[PDB]
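Asks: Quick one: experimental structure and sequence below.
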Amino acid sequence: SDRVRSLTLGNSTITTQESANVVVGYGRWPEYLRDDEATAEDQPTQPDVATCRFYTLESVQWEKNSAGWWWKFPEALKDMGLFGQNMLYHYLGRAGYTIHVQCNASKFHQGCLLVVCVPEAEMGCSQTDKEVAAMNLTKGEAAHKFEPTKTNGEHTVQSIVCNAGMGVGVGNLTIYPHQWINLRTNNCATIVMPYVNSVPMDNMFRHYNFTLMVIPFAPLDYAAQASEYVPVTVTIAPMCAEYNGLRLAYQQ
Amino acid sequence: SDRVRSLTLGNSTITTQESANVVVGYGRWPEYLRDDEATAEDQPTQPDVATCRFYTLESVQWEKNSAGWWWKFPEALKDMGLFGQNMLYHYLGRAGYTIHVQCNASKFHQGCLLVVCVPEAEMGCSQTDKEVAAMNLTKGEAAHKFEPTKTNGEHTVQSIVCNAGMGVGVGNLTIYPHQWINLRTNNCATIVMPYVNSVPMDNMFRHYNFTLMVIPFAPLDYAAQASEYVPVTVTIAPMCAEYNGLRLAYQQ
Amino acid sequence: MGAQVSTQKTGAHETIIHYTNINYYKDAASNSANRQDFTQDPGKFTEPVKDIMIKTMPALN
Amino acid sequence: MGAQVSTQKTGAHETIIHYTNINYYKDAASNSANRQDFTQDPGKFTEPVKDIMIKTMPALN
Amino acid sequence: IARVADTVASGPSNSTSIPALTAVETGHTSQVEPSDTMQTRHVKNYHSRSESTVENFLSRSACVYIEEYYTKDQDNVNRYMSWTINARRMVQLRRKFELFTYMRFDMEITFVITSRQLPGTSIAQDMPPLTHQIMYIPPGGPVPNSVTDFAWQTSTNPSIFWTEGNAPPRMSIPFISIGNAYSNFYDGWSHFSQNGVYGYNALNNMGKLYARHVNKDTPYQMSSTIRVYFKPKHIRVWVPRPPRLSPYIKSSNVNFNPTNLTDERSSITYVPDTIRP
Amino acid sequence: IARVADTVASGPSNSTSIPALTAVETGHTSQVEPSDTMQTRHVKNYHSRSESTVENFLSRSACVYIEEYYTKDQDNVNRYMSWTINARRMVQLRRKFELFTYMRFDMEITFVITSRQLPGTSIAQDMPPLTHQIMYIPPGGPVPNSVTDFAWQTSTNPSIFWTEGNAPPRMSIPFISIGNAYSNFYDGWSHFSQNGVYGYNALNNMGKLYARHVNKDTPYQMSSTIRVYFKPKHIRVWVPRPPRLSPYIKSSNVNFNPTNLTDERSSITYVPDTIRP
Amino acid sequence: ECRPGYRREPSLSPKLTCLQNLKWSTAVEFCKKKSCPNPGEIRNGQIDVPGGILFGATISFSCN
Amino acid sequence: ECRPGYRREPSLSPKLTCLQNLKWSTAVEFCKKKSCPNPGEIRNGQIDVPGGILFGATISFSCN
Ligand SMILES: CCCCCCCCCCCC(=O)O
Ligand SMILES: CCCCCCCCCCCC(=O)O
């Protein structure tokens, strides 16, 4: 049975009895930087099991009127164990990441989520005449959510779902590494993202390599007396984490 | 010329033009824990260059009436870059350390220090009827100093030099890995300490593996108009740092 | 038996000086002390230097 | 005699460790305990199943 | 030889292998190890289960009985000892034996006999060393009714004569049981009509053991206390079982009082804070 | 085998060889010998350092404890002994062990038990030989609260039964430490918050040892004194250190009073004139 | 001593030294801005965080 | 809000939630004890630190 699967990274292990295979980035699997592609001359540090493990973020509640959510990495993991510590003390970073979104219900509930990883998910502002604030793009492990209607915020992100806050069609986000969580068949979604960037390495605070978006295309629904609380938890584990440029920790 | 020497660990490098060879612990050189001597089953983390580098502690001033100083490791390095971060997040630790005490003067100054590394330097209390407080044993990179006379503190350490705060003779401390800093010939002292303990690994906050003591046997002296400020700086770099038992950081 | 003959320590009539031994107990902790292990290596404490120092030469140069 | 040399249990000075034994009595009940019989087979209690179960596989399918 | 399993070095994982998932309903105990649910390093484990052996576990002299008998014939004091051999009157050893349903082994029996002189105003004596006699009487043999009974002739019954001061008397015995193994538990009766005796006493019968002073008489009253010790060797055990939870009440049956499964605590989430800088 | 170095015959000298000159700053102990700083004759030295061996040095029975326990239950006198095993209450042996930081070895334990009869006006007795019982209780085992506690059943705890007059009881024990070596010094705490117990007592825990008279009671009060002796064998020692200078104050820590480095004298040039014809 | 509303940075000295050049030693960030609570969430709305949420920060609101 | 003299722990929520069991969620150390200044040094003396230097701590002095 390919339904059941097990994931093991570091001192963490995830279990599943209702998965749907595993999407591996753009056909590639996380790998350390090679010598014929490196730029930083200093010998990198590789904490390995210390940083490459499963980090669970704050759960989110899926409601009949939920429009979606989104996280930005590696920023969202700035306060996660040693992975966040290396981000502070190092100028350059490089990691893989294994996204694992969980969400279970019952054979009597219905709904369908879209777990996607969007590289360089540059987003727009609510007020097209102004700019956006980092605080409105990503706020730690705290998820930002999409709205079923237009936003008005000064420096807020245009959370209107239909445009995914990028000025595009949500139905075309399938062009990015993704999976769906169709409650009647699924229970979770896993995506192994390889380091994608136009540079061997990059800062992890200044640059948001990719954005994880969970947009429901099939509204959550159910009958009376059926558990109304359906949470959606996101777990991610860095892979082949390398760091360069060691210096005094950065004051957030 | 064996006078000049260079040390390179991580992104740090020390230079010397007036050293006196290098003492290597008890004939042994730092090495990672072997499989036939390990106990912790989990795969350890080895930050390498991230934690194994030269960490300089607060300098100290050598005065004509100075009685001595002492530091306790790895405790003293609890707030040093990533080496301190791994101490917080891990239950077990293991490291080598390369002690390098600097202290220069001139051909017109005189004095002689005793740089020693005392394993399990269990110390006594000022008031033999009471106990000592961790706060009085080691206080971060801040050095505790020996006194030329008896102490009286409630839970203070018997800082009287002649007994080195251990109830022994200071003249016999030469039985521990050491070197002297005879200003007329020296300029610094280096000691490579191998992991010494009755256990493969151990906690780094609860246990003070060894104590570094700098006791002057030849009082600092000089003539008029001769620089009166003679500082003594201590630099130490972990070696073969291994960590086990990853969990939530420990609140100091 | 599993007898093991060893050499005795010099007597006051030197310059058949051997004894026999057999362990009767199953635990090695029951055996007698090892008063005849003469190993040495002062180097650890007397010469723990990284660079070999030749006696007939200057310590520093 | 009918001496029988066996191996002693590791001592606190490891990494002549053998003892000799001879039975003097005619009844086997007189002999010393068998403190060196190290047999094991937890299967009886931990895996008393009729169908072998492979760890890396689902218990039921 | 009796070494423990080593831990294979394990790395990352991502497959359909589910060693962590199982089903206890099968009555099968999971055979998982750390390397199956995380990244582990190679470790040459030299530990040994040599002291966990049923032999090393049960082969240790443990007291099983104790009685006192006097020298002079004053009042209604027993001048000799009588005992229906069994190991159900000493909770310690009894609890170990009861970890298994059936047992088979030879046994080393040691006796610790000590004497004393009862208090008094004028008790100046000079009694020679006291010699004792321990006689085993297998089921059916004639039992002595006095410290001068003909039964003490020990014509064929095994007996020991020991004088104080010397090392405590000892002697080994084979596997007496008429069955293929000693039975610690017998969920049955002695009579076919399902009545009479129930349990251990229904079938076990190792006979009796008597003791006395071979000395004729003492000027002033004195007493001795004999302690019997059992040390099974060449052991064999079958069918392990739940250790005794409720305190032992009777030495003839398994009666007990409803005992707690274990000690209590604040709540299921209670864990004492031992870190307080 | 453990022979000492011989002295090579040396003659005049006049070169750039400087064996006498060095620099202690390196932390290197001069390896010079008489033949390097003078003219010496050849000498076949047969001396041996056979008695300087750590084995021959520490392998000698040394008293580590001593307590007294009475027979009769009069007043508030302890009728049994209790002791939290350790070798920090006897300065002699404690000072030797503390010459090294870590130790590993098996050990031979001997007990010297002696009794007596307390003074009195009318104490005419005739007590038989006194039998004693020494029981070792590893950390966690049940502790007896009386000379008749069930704990003395010695079901699995090692115990010795000895009667006065015979040779002092003895028995060997392996390397108990849960660590790879016994620790004489522990510059750390018992709690992670850097508090609680500090030093030896923070980690060492060899359990307890109890003793008592197996004799029921004595007409008149009597007492016994047990002396425990330790004799390490199959020794291994690491990290040597400065011998104890200040007298021992507590047996739980290294507290001390500022002690003199050594005895005094008239002046640095003082040397007693022992030649006075 | 930290002002209001600032908080001490454990890794740094809140002390200054008078150097030989009659200049006070370079000051670090021993006292940082206290962070405000997470603005939260607006049902069918959006919170614009232009410059973080620490003391002195501003946030705007809008509705879809 | 941290009392006096305590300081906020950036890594934790100073908030509590009322669970279904009418129990408030387990509280963390979102507010820790403010650390006192380093006692310093006593010329020809000693400072005994029995229990750290944080708020509520005590230190004794002695002279050689
Ligand atoms: C000569 C003395 C004979 C004593 C016989 C003792 C037999 C002990 C049998 C114990 C049976 C059991 O524990 O189930
Ligand atoms: C059966 C008696 C057991 C007694 C155990 C004694 C162990 C002594 C260990 C001494 C430790 C030390 O000196 O550091």
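Replies: Noted; the coordinates are in hand. Residues are numbered from 1 along each chain as shown, chains lettered A, B, ... in the order given. Ligands and ions are numbered 1, 2, ... in the order given.

Asks: so what's the backbone phi/psi at residue A:88?
Replies: phi -70, psi -50 (degrees, to the nearest 10).

Asks: let me redo that: residue E:202
Replies: phi -70, psi -30.

Asks: likewise residue E:94?
Replies: Torsion angles, degrees, to the nearest 10, at residue E:94: phi -60, psi -40.

Asks: Contacts only, for it.
Replies: By C-beta atoms under 8 Å, 6 or more residues apart in numbering or on different chains, the residues touching residue E:94 are E:87-88, E:248. The way it works is simple: take the backbone N, C-alpha and C, and place the C-beta from them, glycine included.

Asks: again with residue G:51
Replies: Here residue G:51 is in contact with A:133-135, G:57-58 (C-beta under 8 Å, 6+ apart).

Asks: Drop anything exposed from these.
Replies: A:133-135, G:57 (16 or more other C-beta atoms under 10 Å in any protein chain shown).

Asks: in the helix or strand containing residue A:219, what's buried?
Replies: Residue A:219 belongs to strand A:210-221 when assigned by DSSP states H and E. Neighbour counts over strand A:210-221 (16+ other C-beta under 10 Å) mark A:210-216, A:220 as buried.

Asks: other SSEs contacting it?
Replies: strand A:60-62, strand A:69-73, strand A:98-102, strand A:110-119, strand A:230-237 (3 or more C-beta pairs under 8 Å, 6 or more residues apart in numbering or on different chains; DSSP states H and E).

Asks: starting at the chain centroid, how far to the longest one?
Replies: Put simply, strand A:110-119 sits 10 Å off its chain's centre (C-alpha atoms, centre = their mean, to the nearest Å).

Asks: same check, this time on the first one
Replies: For strand A:60-62, the separation from the chain centroid amounts to 15 Å (computed by C-alpha atoms, centre = their mean).

Asks: So of the contacts of residue G:51, which two are at opposite extremes in space?
Replies: A:134 and G:58 (13.7 Å; C-beta to C-beta).

Asks: Between the helices and strands packed on strand A:210-221, which one is closest to chain H.
Replies: strand A:60-62 (13.2 Å; C-beta to the nearest C-beta).

Asks: Check which helices and strands that closest one is in contact with.
Replies: Short answer (3+ C-beta pairs under 8 Å, 6+ apart): strand A:60-62 packs on strand A:210-221, strand A:230-237.

Asks: The shortest one: which residues count as buried?
Replies: Counting neighbours by 16+ other C-beta under 10 Å, one finds that the buried residues in strand A:230-237 are A:230, A:232, A:234-237.

Asks: Dump the C-alpha coordinates for it into CSV.
Replies: Taking Å, rounded to 0.1, in the frame of the first residue of the first chain, the C-alpha atoms of strand A:230-237 are listed here in CSV:
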residue,chain,number,x,y,z
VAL,A,230,-10.7,21.1,11.3
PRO,A,231,-7.1,22.3,11.8
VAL,A,232,-4.4,22.4,9.2
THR,A,233,-0.8,22.0,10.6
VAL,A,234,2.3,22.7,8.6
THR,A,235,5.6,20.9,9.2
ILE,A,236,8.8,21.6,7.4
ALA,A,237,12.4,20.2,7.6
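
Asks: Paired strands for that strand, with orientation please.
Replies: Its sheet considered, strand A:230-237 pairs with strand A:55-56 (antiparallel), strand A:60-62 (antiparallel), strand A:98-102 (antiparallel) by DSSP bridges.

Asks: and those strands, which is most packed in?
Replies: Neighbour counts averaged per stretch over the strands paired with strand A:230-237 are highest for strand A:98-102, at a mean of 22; criterion: mean count of other C-beta atoms under 10 Å in any protein chain shown.

Asks: hmm, who's touching that strand?
Replies: Outside strand A:98-102, the residues touching it (C-beta under 8 Å, 6+ apart) are A:7, A:9, A:14, A:54, A:113, A:115, A:117, A:181, A:187-193, A:212, A:214, A:232-237, A:239, E:14.

Asks: let's go with 7 Å and repeat that
Replies: A:7, A:9, A:14, A:115, A:117, A:181, A:188-193, A:212, A:214, A:232-237, A:239 (C-beta atoms under 7 Å, 6 or more residues apart in numbering or on different chains).

Asks: Just read off the phi/psi values of the closest residue to chain G within the stretch 1-150 of chain A.
Replies: Residue of the stretch 1-150 of chain A nearest chain G, by C-beta to the nearest C-beta: residue A:135 (2.2 Å). Main-chain torsions, residue A:135, degrees, to the nearest 10: phi -60, psi -30.

Asks: For chain H, see how far away the nearest residue to it once chain neighbours are set aside is.
Replies: Nearest residue to residue A:135, sequence neighbours excluded (C-beta to C-beta, 6 or more residues apart in numbering or on different chains): residue G:49, at 2.2 Å. Noted for residue G:49: a distance of 17 Å to chain H, by C-beta to the nearest C-beta, to the nearest Å.

Asks: neighbours around residue A:1, how many?
Replies: 10 (other C-beta atoms under 10 Å in any protein chain shown).

Asks: Can you give me the distance of it to chain D?
Replies: In terms of C-beta to the nearest C-beta, residue A:1 sits 6 Å off from chain D.

Asks: Would you mind confirming that that residue makes contact with residue D:57?
Replies: No. In this structure, residue A:1 is not within contact of residue D:57 by C-beta atoms under 7 Å, at 9.6 Å.

Asks: Who's the closest spatial neighbour of residue A:144, skipping the chain neighbours?
Replies: Per C-beta to C-beta, 6+ apart, closest to residue A:144 is residue A:70, 5.5 Å.

Asks: Then residue E:167?
Replies: residue F:166 (7.3 Å).
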